[PDB]
Every structure is written in structure tokens, then in C-alpha cells.
Amino acid sequence: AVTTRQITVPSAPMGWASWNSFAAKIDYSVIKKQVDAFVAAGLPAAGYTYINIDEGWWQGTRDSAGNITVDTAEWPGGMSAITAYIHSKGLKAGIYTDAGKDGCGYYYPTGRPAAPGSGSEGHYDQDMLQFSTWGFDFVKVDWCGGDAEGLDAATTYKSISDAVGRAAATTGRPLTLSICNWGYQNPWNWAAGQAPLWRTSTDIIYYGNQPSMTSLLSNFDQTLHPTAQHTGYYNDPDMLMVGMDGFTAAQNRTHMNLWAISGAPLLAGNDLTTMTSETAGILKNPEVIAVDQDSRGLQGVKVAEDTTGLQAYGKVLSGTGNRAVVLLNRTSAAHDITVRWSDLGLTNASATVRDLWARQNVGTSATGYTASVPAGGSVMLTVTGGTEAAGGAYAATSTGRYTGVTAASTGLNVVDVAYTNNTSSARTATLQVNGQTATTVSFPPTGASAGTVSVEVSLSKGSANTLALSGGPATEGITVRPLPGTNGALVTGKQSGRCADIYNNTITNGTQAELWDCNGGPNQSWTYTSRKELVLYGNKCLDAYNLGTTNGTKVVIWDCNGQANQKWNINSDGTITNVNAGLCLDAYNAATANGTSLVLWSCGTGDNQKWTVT
């Protein structure tokens, strides 16, 4: 039963941004025409709110006092005239700068000559105040100057975040910060609490190229960091290509489906003045939007891939016994794809299946659902009225600390944190699960009675898990429920007692596996598939680098590719052998410390080649 209410958390931004269709070729007239089409197409009523002016508005000029100056031939009345227009339509206005001294308009001119000085470094407070005073409600802060200069992203964006907060406090106009650093330096580790959204990869489309499903899927895969997203903080797989030339209606729907299952921002990138009726309807589907904008704020995750390229993604929605599901077919042929209640963390009890594009209920089941999915296509469903897996309830054993937290398997869990915040402002806390990378959790106002917010966490098998909160409101208990489709295992070395680990939640192809203190994080939870793969993050395979067959071959993560160097035998003697050349997974030189490289080596009897994978 529902006995403590779920508190609604902020949703990801919805709106339109100028980059994908115009590159730097923007001025007042371009933005105005887009606003007018945005309004005429009924986007505001569907929830689209932001009109974001991206790169190209500012050529790097400043006056003697350091104030940003614009060319009023392109921006008549200055920047406050365009925010006034946007606001006159009941919408929010967005602007764009760089973390460094010079912006992407300098480093990578795209539609305009180089713009030296087009960054906010040395002017964070001045520029953020300027943007807010002009009337901007949103600011995207890029990384071209940060990358060029060699800046540290985490500390730099903390500085920017602080300046954003001060500017909004000074003017009284909230300022939504979009961190745009392309997944460099792993923003999923540090961006929550600094900003409501952070880019997780390079750009979905480069100017001059045609929209690509391959690129779309790559951005989607790279945005999946479920422990990082929660309570109004979102992974950002980039601006939509929905409606851009070359994309079919089916591709447009798939684009919406995958962004929605993530809970990603829906920032339209097409030319709204030539948008088809069908495209407008796809952007506006209220059922898909409701999934994207779900009040619980959680990120969808892969819950099954029984056959390569036939995938089920599930998202835990607001309320209890509710899920959204995307069935995705990455193969060259139409195939049936099944989602099981067990994988979704529901019991085998009746639930109702709804197709969100058909806008019709399509059946009931106590176990699962199967649909035919076209090659390269997807089906968008909800599964509602289900019964939740039993889960666990815990009371803090000391201030802000929950101990003895139990998981039947290593893998992802939903945690509902009970608390009271009887004030008018959200409060934040730091959350640390075991010895994992910490995160920030936001606690919205509750009124006088307690409520919950939810987070997804990765837990280790057993009852030694700890959740520690620092700062924020006193909590009043937690509930923990598993998502069994995400189940994996620690790969624990016998000699060392340490776990196969990819450093600091890095996803880059070629990153070498190492021993590290076991903590149960996503970078330690390996899923063994029927194809003999050991999979990390749902989408990276343990890999004998370049199909190496000799002693010392590096063992890395790489995109799963079906090759024999990504196949592993888990043997009765405790060894794990690479199928390609029959060598053993090996902690190099029988070292036991953090940072010990994993390699292939000729199999022997040494405990540095023995592992547990349960």
C-alpha cells in the first residue's frame, strides 16, 4: 500500500534550441520566427517552455568595464529585446556562453568567422548577472575554452554554478544551468547538485551532416548513468533531431521514446517553420511527454537483452506498480521482443499494458509482454497496476546512516527516502553508497507531513551495504527495492579480495580493468550473458584488447561487438578464461592493491587468477 506520499521532483527542461538547424547563423529575426512557429504549432500547451539561443549571438566583444556587448544590427534593442519577445509568449529564454576565455565560436567556427573572447572565464559573476538582468531564464555553458585551456571541469562548473545561484538571487529570476562539457571528465560523477542537466557525450549532429540513428543511439547509450540522475538532476543526451531532414516518422518516434525512457530534456532542434503536422504530433504526444516528465525523476535502464540487439528498457514511474518500457530493435530484421515483469522489479501479478503511440491498452499479463518490433524500430509501452517486488525497510542506525542494507544480487535498486521539509525551499544532502562516488540529492518542500524522494543506487550482493547522508533534512527511513533486469555480479579476486573495476565510472573504449576496493558501484557490476559476455553499464563488454592472444594482453572495456575476444568461460576451478586464446583473467604480477591492472595470462594455479562471479 501507499502510506507515505511521493514528492514530485523537477522535470528536465522542454523547449527548442537554435543550434541543430541554424548553427551560428542566428539573429533576432531567426529566433522570432522560431518562437512564432513554436506557438502556432501548440508546443507551449504540450509543456515546451524554453526558447534557447545557442552559439552565434555574441562575437566576444566587451566594453571597457568588461560588460558583454552585442551587434545590434543582428540584435536590435540588445538581448533584452529578444527575452522580452520570448516572455511575451509566456515562455522562458535561454542564452549560451563558455567556461573558458574563448568559446566554441572561436575554437570551431561553424557558420561565422572566429569570435575571440567569446567565453565567461574571469567574468562568471558579471556575465551571469548580465544574463539574468537581460531576462534570461536558462544558460548553457560550453567547454571549448575549458578543453583548450586544460581546466578541471568539476571545480570550474562548481564556480559557474555558484555564480548562477548568486545572479538568480540578485535579480529574483531563476536561472537554469545546462552544463555542456560533452561527457569529458565524467560529469555524471559531479554535476548533480551543480546543475539540473549535464551533457554526457559529444554532439548528436555536426553542421553539414545528415541526422543519423547510429549517432542518436550512441548518445543514448552514453547518457545512461542511473545513479547520477535523480531529484531534478538529469543526464543530457543532447538536443533533439526530431523532425530534421531525413528522419522518418518512425525514427522521430524512436527518438522521443529513448529520450523519454531516459527522462532526458526535450529540447527541439528542428526548423519549426517547416515542421510537418505529423512531426508536431510526435513532439506533442502527451503520454510520451508524461513518461519523459515523470514526477519521480528516475532514469530508465536496460532490463533485458536475451538476443543481441533486441532490448527492453524499463523506467520506474511515479506511484507504485508503474513502469514505462521501450522495446528497441537494433538488428536488420523485424523480431519479437519480450519484457518480463521479473526484470522490471514487479511480481508475477496482473498488470495492464498500454501502447503510447497507439494510445490504447493492448492487454494484461501476470508475467510479461511481447511485441513485434521493426528493424531499427521501437515500441513504447507502460505497464501499470502491477505489484511491486517486496523490498526492504530500514531505520537509521546512526545520524544519517543506514546500515545492513540487503540485496539478493549485485545491481540497481530504487531507494525511497522519507523526510520532512516544512519550508518553502528545497534542501540538499550528499549521499554516499558504500565507498562509491558520492552524489547530491535534493529534497523539495513537503508541507507538515513526511514524503519521499527516490534515487537509483547500485548495491553489492549481501547485507553489508551502507547509505550515508550528510547535510539536508533529517530522514525518517528508507525503502529499497531491486530492479532484477539490471542484475550483475562483482568479479572478486581470490588473492586480493578486490573487485574488477573501471576507474571512476569511465565509459571510454579501451579503458583497462583494474582491481579496486569492492563498493558495488555500476563500474563494478558485471552481467554475464548467454553469449558469454561480461557486460558493464548495460553496454560495454570486458574485452581482450585487439584480440591479443599472449601474456600481458590488456583487458579493457569496449562496445560489445560479438567477437571471441569478448567471450569468457567461468570455470569450476575459479578461473575466467577468454574464449579467443584460452588465457586467464589475471591480476598482473599477483599484485593485490587498488590500481592493479587486469591482463590475460597463461592459466596456472595462482590465486591472482581465481575469481568469484556470483
Side-chain angles (χ1 to χ4, degrees), residues 17-19 22-32 35 50-88 92-149 151 156-181 195:
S18 66
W19 181 254
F22 298 95
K25 301 188 190 288
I26 56 162
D27 60 26
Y28 181 100
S29 75
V30 173
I31 305 306
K32 178 184 185 296
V35 171
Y50 292 96
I51 300 292
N52 295 342
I53 302 174
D54 206 277
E55 180 193 316
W57 68 276
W58 176 42
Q59 313 315 324
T61 48
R62 289 180 187 274
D63 69 19
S64 56
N67 304 300
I68 292 171
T69 54
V70 302
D71 183 355
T72 69
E74 301 209 43
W75 302 95
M79 300 316 289
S80 74
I82 193 61
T83 65
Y85 192 81
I86 291 163
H87 293 151
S88 78
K92 291 178 164 188
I95 201 57
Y96 170 88
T97 190
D98 208 272
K101 293 173 290 183
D102 311 87
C104 300
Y106 176 77
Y107 289 104
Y108 306 104
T110 307
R112 269 184 201 272
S118 54
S120 291
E121 186 177 347
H123 296 93
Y124 294 158
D125 282 294
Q126 186 169 23
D127 291 358
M128 294 307 172
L129 182 61
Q130 185 61 86
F131 299 151
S132 192
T133 305
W134 278 335
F136 289 104
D137 304 285
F138 179 106
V139 61
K140 179 176 169 179
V141 180
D142 218 325
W143 190 240
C144 287
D147 188 58
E149 294 167 26
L151 302 183
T156 294
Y157 283 107
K158 176 59 177 162
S159 296
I160 293 160
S161 179
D162 289 350
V164 164
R166 285 190 289 270
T170 301
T171 62
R173 180 180 294 278
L175 185 52
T176 299
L177 172 59
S178 161
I179 292 176
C180 184
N181 103 310

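Side chains included, hydrogens not; waters and symmetry mates left out as well; all remaining heavy atoms used. In what follows, residues are counted from 1 in the order of the sequence shown.
Contact annotation: the side chain of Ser18 approaches that of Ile31 to within less than 4.5 Å [non-hydrogen atoms, C-beta and beyond]. Here the side chains of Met79 and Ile68 are not in contact, with every heavy-atom distance at 4.5 Å or above. Contact annotation: the side chain of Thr170 never approaches that of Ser132 to less than 4.5 Å [non-hydrogen atoms, C-beta and beyond]. Using a 4.5 Å heavy-atom threshold, the side chains of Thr176 and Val139 count as separate. Within the 4.5 Å cutoff, no side-chain heavy atoms of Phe138 are placed close to those of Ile53. Considering only heavy atoms from C-beta on, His123 stays 4.5 Å or farther from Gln130 through its side chain. Using a 4.5 Å heavy-atom threshold, the side chains of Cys144 and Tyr108 count as touching.
The aromatic rings of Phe136 and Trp134 stand perpendicular to each other, their planes meeting at an angle above 60°, with 30° marking the opposite boundary.
Applying the side-chain hydrogen bond (donor to acceptor under 3.5 Å, both in side chains) definition to pairs two or more places apart or across chains, those involving residues 71-83 are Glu74-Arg112. For the salt bridge (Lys or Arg N to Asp or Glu O under 4.0 Å) condition, the pairs that include at least one residue of residues 125-134, sequence neighbours left out, are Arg62-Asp127, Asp125-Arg166.
The number of heavy-atom neighbours closer than 6.0 Å to CZ of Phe22, taken from other residues, nucleotides and ligands shown, is above 12.
The two atoms that bring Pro76 and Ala81 nearest to each other are O-CB, 3.4 Å, heavy atoms only. The two residues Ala115 and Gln59 come nearest to each other via the heavy atoms CB-O, 3.5 Å. Here the closest heavy-atom approach between residue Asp27 and residue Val30 is recorded as OD1-N, 3.0 Å.
The side chain to side chain contact (heavy atoms under 4.5 Å, CB included) search around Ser159 returns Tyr124, not counting sequence neighbours. For the side-chain hydrogen bond (donor to acceptor under 3.5 Å, both in side chains) test, residues two or more places apart in sequence or in another chain that qualify with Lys92 are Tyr50. Remark: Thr69 pairs with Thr61, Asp63 by the side chain to side chain contact (heavy atoms under 4.5 Å, CB included) rule, at least two apart or across chains. With sequence neighbours excluded, the residues that form a side chain to side chain contact (heavy atoms under 4.5 Å, CB included) with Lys25 are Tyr207.
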Steps toward side-chain hydrogen bond (donor to acceptor under 3.5 Å, both in side chains) verdict (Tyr96, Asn52):
CA-CA 8 Å; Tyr96 170 88; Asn52 295 342; over 6 Å; no

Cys104/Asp98 under side-chain contact (heavy atoms from CB on, under 4.5 Å): CA gap, chis, key distance, verdict
CA-CA 7 Å; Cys104 300; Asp98 208 272; 3.9 Å; yes

Applying side-chain contact (heavy atoms from CB on, under 4.5 Å) to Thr97 and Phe131, what does each step give before you reach the verdict?
CA-CA 10 Å; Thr97 190; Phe131 299 151; 3.8 Å; yes

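Expressed to the nearest 0.5 Å, how far CD1 of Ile179 lies from NZ of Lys158 amounts to 10.5 Å. Once rounded to the nearest 0.5 Å, the distance linking CD of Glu55 with OG of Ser118 reads 7.5 Å. Note: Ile95 CD1 to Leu175 CG = 11.0 Å, rounded to the nearest 0.5 Å. Once rounded to the nearest 0.5 Å, the distance linking CD of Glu121 with CD1 of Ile160 reads 9.0 Å.
Between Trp143 and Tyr157, the distance separating the two ring centers is shorter than 6.0 angstrom.
A side-chain donor-acceptor contact under 3.5 Å links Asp137 and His87.
One N or O on the side chain of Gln126 and one on the backbone of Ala65 form a donor-acceptor pair closer than 3.5 Å.
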